[PDB]
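What follows is a set of notes on a single structure, which appears directly below.
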Amino acid sequence: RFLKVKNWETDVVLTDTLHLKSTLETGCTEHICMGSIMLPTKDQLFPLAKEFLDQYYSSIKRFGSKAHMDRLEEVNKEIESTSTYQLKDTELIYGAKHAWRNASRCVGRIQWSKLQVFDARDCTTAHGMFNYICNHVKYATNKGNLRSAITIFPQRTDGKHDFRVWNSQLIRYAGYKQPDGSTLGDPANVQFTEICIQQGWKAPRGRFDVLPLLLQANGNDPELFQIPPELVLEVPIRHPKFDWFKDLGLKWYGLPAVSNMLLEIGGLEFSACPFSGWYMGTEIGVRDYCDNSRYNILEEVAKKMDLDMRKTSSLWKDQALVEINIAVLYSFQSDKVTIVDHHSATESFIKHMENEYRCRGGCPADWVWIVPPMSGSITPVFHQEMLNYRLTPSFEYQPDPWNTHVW
Amino acid sequence: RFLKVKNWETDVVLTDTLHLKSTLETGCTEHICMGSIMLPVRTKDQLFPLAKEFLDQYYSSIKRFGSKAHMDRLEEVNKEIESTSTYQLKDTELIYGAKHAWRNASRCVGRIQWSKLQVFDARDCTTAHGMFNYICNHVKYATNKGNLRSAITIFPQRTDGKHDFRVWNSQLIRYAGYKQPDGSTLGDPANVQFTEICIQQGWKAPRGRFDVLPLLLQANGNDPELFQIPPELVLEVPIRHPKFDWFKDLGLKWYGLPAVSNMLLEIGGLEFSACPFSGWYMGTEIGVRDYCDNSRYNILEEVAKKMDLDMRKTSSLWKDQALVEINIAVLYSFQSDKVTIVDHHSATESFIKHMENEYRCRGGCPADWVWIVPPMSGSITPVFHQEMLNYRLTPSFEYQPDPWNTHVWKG
Ligand code: HEM
Ligand code: HEM
Ligand SMILES: Cc1cc(N)nc(C[C@@H]2CNC[C@@H]2OCCCCCc2cccc(N)n2)c1
Ligand SMILES: Cc1cc(N)nc(C[C@@H]2CNC[C@@H]2OCCCCCc2cccc(N)n2)c1
Ligand SMILES: C[C@H](O)[C@H](O)[C@H]1CNc2nc(N)[nH]c(=O)c2N1
Ligand SMILES: C[C@H](O)[C@H](O)[C@H]1CNc2nc(N)[nH]c(=O)c2N1
Ligand SMILES: [Zn+2]
């Protein structure tokens with residue numbers, strides 16, 4: 001009931017107390033650790049509301065004041081009456097910033113308090129959703145000078161009227177099974193691409209086709225919309241030394257924007273809440289390009305470098321991985337699109353951890369997601385012990401809507 | 001109960017029943033995961049249960065469960081415990097035990113090899129000098145002129161915890177670290193504290209960047225004694241690079257034999273506080289950690305300087321670049337000298353095959369993801385994408401505190 005984390009590179013020891021305020025369940029027991037698993041009424045709602053408003057009023061230094069006891073009473077009466085309640089704009093902004101603050105898998109949280117929140121709770125149609133989302137994309141992109149933002153559609157009511165963005169991210173590339181047997185474009189999105197085509201989409205059947213948004217308002221069947229191309233900022237990938245790199249024909253998008261998550265604030269569930277920041281280089285160059293199940297480009301790059309691909313021990317995979325990531329970084333920087341490298345991002349996260357320990361009593365962190373997918377041990381997060389626990393407000397993963405929705 | 005693990009690259013789903021045989025604690029709760037925390041005298045009362053579990057397991061493994069030989073051995077151990085407070089393992093049980101501790105070691109990526117382990121029974125040992133002889137024979141057997149063979153040497157078990165055998169070195173072979181008055185370190189920073197104990201015990205330090213440390217050995221709870229491993233027994237590899245001819249002039253070398261000596265082996269309730277074991281290196285242990293940790297030899301800058309990498313900002317990935325070249329060098333050098341080494345691609349691939357086999361035949365394989373994933377190039381190895389269940393099985397290896405913090409000095 002008082003826990004220590006040690007950094008093994010610097011010997012700095014931090015003391016966590018924030019974990020006692022933790023509420024949801026981790027997946028682990030005394031007997032089994034699930035640290036590496038990807039997915040481990042009225043009466044229910046008032047405690048959840050209360051817990052939230054208590055933290056909110058404490059943050060603005062008005063815990064136990066009349067404005068506190070009055071809001072607690074107002075919310076209580078509204079739940080009693082309507083079976084739900086509405087958040088004040090101030091509460092909504094706070095909840096959103098804190099769900100990011102609490103996101104244990106996010107390395108970029110030094111940035112948590114600079115989050116532009118777009119209140120789309122007044123939305124009612126898929127066309128409305130499209131308008132809001134285009135406005136979010138343009139605001140956040142900001143001609144390459146990226147700004148963090150979230151747009152929050154209306155909360156869950158009876159659960160049969162959910163707003164959902166069916167895309168997993170606002171901007172992604174299509175994937176198509178080929179006669180060949182192989183895959184064209186991004187294999188992650190084969191299924192979704194089919195759902196779009198089975199719902200009307202005219203696919204260009206290219207390697208890098210920006211998918212249509214597929215939007216669900218008020219539990220209705222979802223509809224298709226193309227994001228204005230002038231709003232989707234893309235980056236052709238070149239290398240600062242390798243002439244031939246450009247000829248691979250690689251590009252990626254500047255805006256990472258997760259839109260399949262569920263934002264939970266004071267017991268309320270916001271099932272459509274796309275949010276966006278900016279990239280860490282490795283997300284694109286290590287994962288998007290190199291994962292066997294993704295664009296899987298290592299072989300082709302290794303060939304152009306003329307490495308010895310005969311034996312794994314020549315580290316040809318590793319050598320090519322580094323250059324691919326140098327090129328991702330160099331291209332974003334040259335075209336002036338915000339990107340951070342894993343050295344700088346993990347160094348920032350250590351600074352943020354220390355702020356959160358002295359200021360808040362801790363910082364939940366999932367080491368398995370926080371340490372970059374390349375060069376783990378030469379980044380400082382490798383040597384930092386972390387405690388992982390679930391705080392609310394939070395972002396939660398939710399099932400793909402096609403698996404659920406009735407048509 | 002059944003727990004499933006998915007591999008997100010292949011969609012292969014495995015079912016773990018083995019976790020049901022797990023007994024000890026993880027450190028985690030339903031409220032906190034301590035998966036990245038590095039560290040998350042027995043009565044009769046406790047002992048016979050631990051013995052019984054163990055012998056039930058051993059007897060099952062030989063398909064003799066419930067045999068007269070099994071029941072007679074249970075009775076015998078019961079009696080030995082009731083009358084003497086402890087018991088002695090048969091050779092066959094010791095061997096099986098040491099094999100299964102390695103098999104159960106969830107942080108070890110090398111476990112495909114668990115059944116081929118040479119066990120040296122050193123339970124007749126009585127003196128530090130005896131321990132020294134035993135360790136020499138182990139080093140020479142394991143080294144085998146570069147054709148490394150896994151081995152373990154097992155000294156007498158704990159009795160009252162006042163009479164422990166301990167190897168004070170954390171590994172049998174390691175380099176001296178020396179703190180300089182100006183605050184720099186010469187040689188290996190990890191070993192500064194232990195080097196200082198050695199010096200105080202009378203070791204004459206050469207004060208070089210790569211001095212092999214003397215063994216400091218404790219028998220029967222006595223004060224530790226110093227011994228120099230014969231140099232002809234310490235196989236070393238000079239580090240050079242296939243294309244970069246200046247690599248050799250950095251003056252690096254490493255020892256071929258990774259040999260962990262500070263861990264405690266538990267078999268059937270008995271505690272073997274000195275049980276050095278050895279295998280062979282995966283290249284990244286040396287090339288990533290030993291050379292490139294900031295708290296170790298820290299050679300990234302010097303390498304990148306020689307390579308003329310752009311070092312003015314991190315986003316040139318100069319560190320990532322230098323790190324790969326060094327790792328290339330370590331594997332090249334070992335291979336050229338015919339010293340057994342495995343790369344992290346081949347090791348993780350073998351591990352996944354081992355792991356799947358273990359689910360089919362054993363009903364699980366406990367694995368610590370934080371340690372199994374290599375410290376470079378994580379996601380281009382198949383373990384990154386592998387969900388893993390971590391739990392504790394016995395027989396087992398455990399961390400124990402360094403003996404210089406606990407030892408009662410006799411004078
Ligand atoms: C501003 C720059 C940001 C950086 C550099 C960054 C970095 C990252 C990275 C590298 C990951 C792991 C992604 C992966 O490997 O798939 C991640 C995950 C995550 N981040 Fe951030 N992030 C940023 C902004 C944001 C914002 C604005 C939010 C929410 C407001 C957020 C919340 C999350 C969540 C919930 C996850 C886990 C996603 C999942 O479970 O699939 N992050 N972050
Ligand atoms: C045969 C070749 C072997 C290879 C390639 C191998 C590989 C490794 C590696 C890379 C680690 C992580 C160590 C680190 O990064 O510091 C490790 C840990 C470990 N291995 Fe192995 N291993 C081998 C043999 C053995 C043997 C023979 C045993 C005992 C019989 C053993 C038991 C352990 C234990 C207990 C750990 C955790 C050590 C700790 O917590 O400090 N391994 N293995
Ligand atoms: C099964 C599953 C669970 C879960 N919690 N998340 C996922 C999505 C997978 C996990 N890793 C890659 C993929 O998600 C991509 C998420 C987008 C990246 C997150 C992000 C958000 C904001 C900024 C930024 N730089 N990066 C999948
Ligand atoms: C605090 C602590 C706990 C714990 N369980 N282990 C340690 C020792 C740390 C862990 N990683 C670096 C350092 O020890 C070196 C590990 C020894 C190598 C393991 C090994 C054995 C046999 C063969 C091989 N290739 N590798 C430290
Ligand atoms: C099985 C394992 O949990 C899975 O591969 C995780 C590992 N760490 C990760 N880390 C990040 N940042 N993103 C991921 O998608 C994953 N995948
Ligand atoms: C804090 C963290 O658990 C610690 O630095 C671990 C991470 N993973 C590791 N993995 C291996 N193989 N060896 C190690 O020493 C470590 N150190
Ligand atoms: Zn856990």
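So you can find residues: chains in the structure tokens are A, B, ... in the order shown, residues in each start at 1, and ligands are numbered from 1 in order.
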Please report, as CSV, each residue of chain B lying at most 6 Å from chain A, together with the nearest pair of atoms and the separation in Å rounded to one decimal; use only C-alpha atoms, and order rows by chain and ascending residue number.
residue,atom,partner,partner_atom,distance
B:9,CA,A:293,CA,5.9
B:25,CA,A:30,CA,5.2
B:26,CA,A:30,CA,5.4
B:28,CA,A:30,CA,5.4
B:29,CA,A:29,CA,4.6
B:30,CA,A:25,CA,5.2
B:31,CA,A:25,CA,5.4
B:32,CA,A:389,CA,5.0
B:33,CA,A:388,CA,5.1
B:34,CA,A:387,CA,5.7
B:35,CA,A:35,CA,5.7
B:36,CA,A:385,CA,5.6
B:37,CA,A:385,CA,5.3
B:295,CA,A:9,CA,5.9
B:315,CA,A:341,CA,5.7
B:343,CA,A:313,CA,5.7
B:375,CA,A:377,CA,4.9
B:376,CA,A:375,CA,4.0
B:377,CA,A:374,CA,4.2
B:378,CA,A:373,CA,5.0
B:379,CA,A:373,CA,4.9
B:387,CA,A:37,CA,5.3
B:388,CA,A:36,CA,5.9
B:389,CA,A:34,CA,5.9
B:390,CA,A:33,CA,5.0
B:391,CA,A:32,CA,4.8
Please check which protein, DNA or RNA residues sit within 6 Å of ligand 4, counting only C-alpha atoms and all ligand atoms, and write them as a ChimeraX atom specification. /B:38-39,258-260,278-282,399
Could you dump the residues just selected with C-alpha atoms as a PDB file, in the first residue's frame?
ATOM      1  CA  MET B  38      12.759  -6.522 -11.639  1.00  0.00           C
ATOM      2  CA  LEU B  39      12.203  -7.979  -8.096  1.00  0.00           C
ATOM      3  CA  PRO B 258      27.972 -16.869 -19.809  1.00  0.00           C
ATOM      4  CA  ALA B 259      27.809 -18.439 -16.366  1.00  0.00           C
ATOM      5  CA  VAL B 260      25.304 -17.259 -13.781  1.00  0.00           C
ATOM      6  CA  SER B 278      26.227 -21.816 -17.963  1.00  0.00           C
ATOM      7  CA  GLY B 279      25.101 -21.895 -21.520  1.00  0.00           C
ATOM      8  CA  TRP B 280      26.139 -19.829 -24.526  1.00  0.00           C
ATOM      9  CA  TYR B 281      25.521 -16.215 -25.437  1.00  0.00           C
ATOM     10  CA  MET B 282      22.799 -14.682 -27.539  1.00  0.00           C
ATOM     11  CA  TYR B 399      17.258 -14.192  -7.164  1.00  0.00           C
TER      12      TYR B 399
END
Taking the DSSP secondary structure from the backbone, can you list the residues of segment 17-203 of chain B that are helix (DSSP H, G or I), as a ChimeraX atom specification? /B:18-21,44-61,68-84,91-103,111-113,128-146,189-200
Just want the residues within 8 Å of ligand 3, written as a VMD selection string, counting only C-alpha atoms and all ligand atoms. chain A and resid 38 to 39 106 108 168 to 169 256 to 258 275 to 280 283 287 396 to 397
Residue nearest ligand 6 among A:381, A:217, A:70, A:255 (counting only C-alpha atoms and all ligand atoms): A:381
Using only C-alpha atoms, determine which residues lie at most 10 Å from segment 360-363 of chain B, disregarding the query and same-chain residues fewer than 4 positions distant; provide the list as a ChimeraX atom specification. /B:2,14-20,355-356
Output file for the residues above (N, CA and C atoms, as an mmCIF file, in the first residue's frame):
data_model
loop_
_atom_site.group_PDB
_atom_site.id
_atom_site.type_symbol
_atom_site.label_atom_id
_atom_site.label_comp_id
_atom_site.auth_asym_id
_atom_site.auth_seq_id
_atom_site.Cartn_x
_atom_site.Cartn_y
_atom_site.Cartn_z
ATOM 1 N N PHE B 2 -9.050 -22.726 -18.418
ATOM 2 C CA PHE B 2 -8.226 -22.574 -19.607
ATOM 3 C C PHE B 2 -7.954 -21.098 -19.838
ATOM 4 N N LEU B 14 -3.157 -20.428 -28.448
ATOM 5 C CA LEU B 14 -2.741 -21.534 -27.578
ATOM 6 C C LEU B 14 -3.522 -21.517 -26.268
ATOM 7 N N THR B 15 -3.651 -22.698 -25.646
ATOM 8 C CA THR B 15 -4.453 -22.876 -24.453
ATOM 9 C C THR B 15 -3.576 -23.397 -23.365
ATOM 10 N N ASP B 16 -3.560 -22.696 -22.243
ATOM 11 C CA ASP B 16 -2.663 -23.016 -21.157
ATOM 12 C C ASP B 16 -3.470 -23.619 -20.034
ATOM 13 N N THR B 17 -3.115 -24.852 -19.662
ATOM 14 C CA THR B 17 -3.694 -25.524 -18.491
ATOM 15 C C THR B 17 -2.633 -25.611 -17.392
ATOM 16 N N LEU B 18 -1.361 -25.656 -17.794
ATOM 17 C CA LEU B 18 -0.237 -25.729 -16.848
ATOM 18 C C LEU B 18 -0.253 -24.710 -15.712
ATOM 19 N N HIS B 19 -0.692 -23.477 -15.993
ATOM 20 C CA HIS B 19 -0.751 -22.381 -14.979
ATOM 21 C C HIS B 19 -1.517 -22.805 -13.712
ATOM 22 N N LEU B 20 -2.331 -23.863 -13.826
ATOM 23 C CA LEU B 20 -3.058 -24.449 -12.682
ATOM 24 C C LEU B 20 -2.141 -25.141 -11.661
ATOM 25 N N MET B 355 8.108 -23.035 -27.500
ATOM 26 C CA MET B 355 6.952 -22.622 -26.724
ATOM 27 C C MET B 355 5.690 -23.349 -27.171
ATOM 28 N N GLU B 356 5.496 -23.488 -28.477
ATOM 29 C CA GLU B 356 4.345 -24.188 -29.024
ATOM 30 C C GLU B 356 4.330 -25.686 -28.678
#
Let's see if you can do this: from backbone DSSP, list all strand (DSSP E) residues in segment 124-366 of chain A, as a PyMOL selection string. chain A and resi 149-152+164-165+175-177+183-185+213-216+223-225+234-236+251-253+257-258+261-265+268-270+275-276+279-280+339-340
